[PDB]
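Protein chains in written order, with the deposited numbering: chain CCC, 0 to 147; chain DDD, 11 to 147; chain AAA, 0 to 147; chain BBB, 11 to 146.
Worksheet: one structure, shown below.
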Amino acid sequence: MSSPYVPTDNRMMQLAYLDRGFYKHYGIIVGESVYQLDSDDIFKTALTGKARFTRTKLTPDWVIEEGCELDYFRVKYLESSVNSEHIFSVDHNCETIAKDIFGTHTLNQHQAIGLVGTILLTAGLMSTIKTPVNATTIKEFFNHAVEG
Amino acid sequence: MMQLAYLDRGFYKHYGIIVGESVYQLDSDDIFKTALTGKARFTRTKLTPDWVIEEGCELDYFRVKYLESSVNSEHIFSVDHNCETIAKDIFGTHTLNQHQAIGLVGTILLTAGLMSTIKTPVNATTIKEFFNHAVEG
Amino acid sequence: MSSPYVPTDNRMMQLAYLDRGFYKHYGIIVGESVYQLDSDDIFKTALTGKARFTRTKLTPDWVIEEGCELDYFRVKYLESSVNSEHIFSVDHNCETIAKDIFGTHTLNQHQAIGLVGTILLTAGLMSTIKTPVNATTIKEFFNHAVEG
Amino acid sequence: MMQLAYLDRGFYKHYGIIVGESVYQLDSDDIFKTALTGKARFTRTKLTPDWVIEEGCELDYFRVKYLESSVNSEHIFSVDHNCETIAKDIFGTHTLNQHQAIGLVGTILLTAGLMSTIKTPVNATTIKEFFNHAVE
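The following block contains the structure:
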């Protein structure tokens, strides 16, 4: 008999997005499922602090994000952005999210979803068209915070 | 009387509300990190000529929309000892409570601040105001 | 008589670079002078810790970097990466560099020089072609550290 | 015997030298910052399965190039008592002195570390090892 073994490694995964017209909605493909924030509006999410992880089934609409804007400097910024208190939570369908994405780890569950949540929220917020920030463009942005 | 203003740091803008010779702003040089925590504290600093008025901007527009809104933010806005009178010194005693006054101004500053981190067009001169209004050591 | 005035503002300036084949050598244009690290090899500079600011005369070889790849996240990372202790210095030619680039500033000389150097060295290091990092590629990169 | 190795974090790699059941590395989670400050301390941590040998890499190549070099680095590498045997540990009986051994290993680990921060090709799968080997 060979020695007892417990693997620690996470699963294979890809960063991907859905076209939402004004932004790219990012998620992590693990097998036939996609971890993502439950949101139709990335600005409302950021401006209200309601960032709940959900899992949905992989479809052919998810674009594999190849040309990556995530680089060393952005990931190091985001790694150090998140303390013990953050806006990210997980619904009923995401019980295995920490094990799927991190494997066996010394990150606690809350820390794990903070780090994943920060990477997905930032990638979405930076996918948008650049426009001057003035009274006018601020007003339309503010609507995402208050319009139901 | 009460007006939105900013310190231009090129790649973004730090926003505040100018009242007399004082500026009310969130206590954070990184509004993006603040937005990820869900928490922001108000602070007050002395007005300088580095602060620029955001033109054609009326706080009244935002107060109306915010008091109508059925959406509830989960961002928590608090005040250090200095900003104790922040509501009255910014709103007098107009028909809205302190909690609503702090939430509204918090949401205005967070909204404009965060937008500047993700929407600002960058070019060859963007570095000028980044170096000109550099954060504390 | 109007009131005494002491201006606090830095000069007008543009991010520019020179084409050095395998990297972009970055500088800050102020009038007909360009502030830059005194280097013909940005990797050697980084790997030996000898980054001295020098001043050259504006030529038409300098490209005004219009599609700037410095964004909020990279800038904030670099802001928080450099402190009092760093590799950056100035030659006799750069007496007024702190005043030209920062105007009147609560940052000490050394903090100011560290921030400008960090921005220029990082823009130069990001400018190169991506290659897998293996025994072969590490060997050739190591030559920049030890070849004179 | 004594081999360059890494912990892959996808967007970058943390390099060290495996010596028996231990790894000599720079005491830093950000080699880029380290490169900017001009100083680095060595540390020793326990070998885990997460460390991968850099295949085809032989320390002898770096030693010969380094000792032949007329380049003076201004990077300052230091050891404390838990790392001060690094010389005989990594280069066994080789005749280079302690300051040369510290400078050489420091330069190797800084070079490979810094290279990985700026040259690594990124793709849709780069996140995998970033999350797999997450730090605290």
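Note that beta-carbon positions come from the ideal geometry of N, C-alpha and C, so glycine has one too.
{"Asked": "Where does the unbroken alpha helix (DSSP H) through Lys43/CCC begin, and where does it stop?", "Found": "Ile41 to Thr47"}
{"Asked": "So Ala50/BBB packs on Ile137/AAA, CB below 8 Å; how close in whole Å?", "Found": "18 Å between Cβ atoms; not a contact."}
{"Asked": "Would you mind reading off the limits of the alpha helix (DSSP H) that contains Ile112/BBB?", "Found": "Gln108 to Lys129"}
{"Asked": "Under 7 Å, do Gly30/DDD and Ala15/DDD count as touching if we go by C-beta distance?", "Found": "no"}
{"Asked": "Decide yes or no for the touch test of the stretch 115–130 of chain AAA against the stretch 82–98 of chain BBB: beta carbon pairs closer than 8 Å, at least 3 of them.", "Found": "no"}
{"Asked": "Taking Cβ positions only, does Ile100/DDD come closer than 7 Å to chain AAA?", "Found": "no"}
{"Asked": "Does the beta-carbon of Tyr4/AAA have 16 or more other beta-carbons within 10 angstroms, so that it is buried, or is it exposed?", "Found": "exposed"}
{"Asked": "When burial is assigned at 16 or more other CB atoms within 10 Å of the CB, is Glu65/DDD buried or exposed?", "Found": "exposed"}
{"Asked": "Just curious, the alpha helix (DSSP H) that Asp70/BBB is in, first and last residue?", "Found": "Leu69 to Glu78"}
{"Asked": "Looking at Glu139/BBB and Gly48/BBB, is the spacing between their C-beta atoms short of 7 Å?", "Found": "no"}
{"Asked": "Give the residues from the stretch 105–118 of chain AAA that approach chain DDD closer than 9 Å (Cβ to any Cβ), ordered along the chain.", "Found": "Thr105, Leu106, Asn107, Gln110, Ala111, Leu114, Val115 and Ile118"}
{"Asked": "For the beta strand (DSSP E) containing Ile27/CCC, list its first residue and its last residue.", "Found": "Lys23 to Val29"}
{"Asked": "Given that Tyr76/BBB touches chain AAA, what residues does it touch there, using C-beta distances under 9 Å?", "Found": "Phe141, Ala144 and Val145"}
{"Asked": "Taking 7 Å as the CB-CB cut-off, is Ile96/AAA touching chain DDD?", "Found": "no"}
{"Asked": "Could you please give the first and the last residue of the uninterrupted alpha helix (DSSP H) stretch that includes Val145/CCC?", "Found": "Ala134 to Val145"}
{"Asked": "Quick one: what does DSSP say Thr95/DDD is sitting in, helix, strand or coil?", "Found": "helix"}
{"Asked": "Could you run through the stretch 48–75 of chain AAA and flag, in chain order, every residue whose CB is less than 8 Å away from some CB of chain CCC?", "Found": "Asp70, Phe72, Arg73 and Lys75"}
{"Asked": "Distance check for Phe42/AAA and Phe52/AAA, CA to CA, integer angstroms please.", "Found": "16 Å"}
{"Asked": "Whole angstroms are fine: how far does the CA of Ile86/CCC sit from the CA of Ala144/CCC?", "Found": "15 Å"}
{"Asked": "Could you work out which residue in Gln13/CCC, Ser2/CCC and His24/CCC is closest to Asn133/BBB when comparing CA atoms only?", "Found": "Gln13/CCC"}
{"Asked": "Beta strand (DSSP E) containing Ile86/AAA: first to last residue?", "Found": "Where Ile86/AAA is concerned, there is no enclosing beta strand (DSSP E), given that its DSSP letter is neither H nor E."}
{"Asked": "Does chain AAA have any CB closer than 7 Å to the CB of residue 214/BBB?", "Found": "In the structure as shown, chain BBB starts at 11 and stops at 146, and residue 214/BBB therefore has no counterpart that could be examined."}
{"Asked": "Measuring CA to CA, which of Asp39/BBB, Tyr34/BBB, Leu46/BBB and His109/BBB is closest to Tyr76/BBB?", "Found": "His109/BBB"}
{"Asked": "Return yes when the Cβ of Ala45/BBB is within less than 7 Å of the Cβ of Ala45/AAA, no when it is not.", "Found": "yes"}
{"Asked": "Taking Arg73/BBB and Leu114/BBB to be in contact with their CB atoms under 8 Å, please state how far apart those CB atoms are, rounded to whole angstroms.", "Found": "6 Å"}
{"Asked": "If you count every other CB in all the chains shown that lies within 10 Å of the CB of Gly116/BBB, and 16 or more means buried, which is it?", "Found": "buried"}
{"Asked": "Using a Cβ-Cβ distance under 7 Å, would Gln35/AAA count as near chain DDD?", "Found": "no"}
{"Asked": "Cβ of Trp61/DDD within 7 Å of Cβ of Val81/DDD?", "Found": "no"}
{"Asked": "Taking a contact to mean a Cβ-Cβ separation below 7 Å, would you say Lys129/CCC touches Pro131/DDD in this structure?", "Found": "yes"}
{"Asked": "So, under 8 Å CB-CB, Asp70/CCC and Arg10/CCC are touching, yes? Tell me the CB distance rounded to an integer number of Å.", "Found": "With a Cβ gap of about 23 Å, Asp70/CCC and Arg10/CCC do not count as contacting."}
{"Asked": "Is the Cβ-Cβ distance between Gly147/CCC and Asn142/BBB less than 7 Å?", "Found": "no"}
{"Asked": "How about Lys23/CCC: is its C-beta nearer than 7 Å to some C-beta of chain DDD?", "Found": "no"}
{"Asked": "Which residue's Cα is closest to the Cα of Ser38/CCC: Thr58/CCC, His104/CCC and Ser88/CCC?", "Found": "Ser88/CCC"}
{"Asked": "Counting along the chain, where does the beta strand (DSSP E) carrying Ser32/CCC start and finish?", "Found": "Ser32 to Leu36"}
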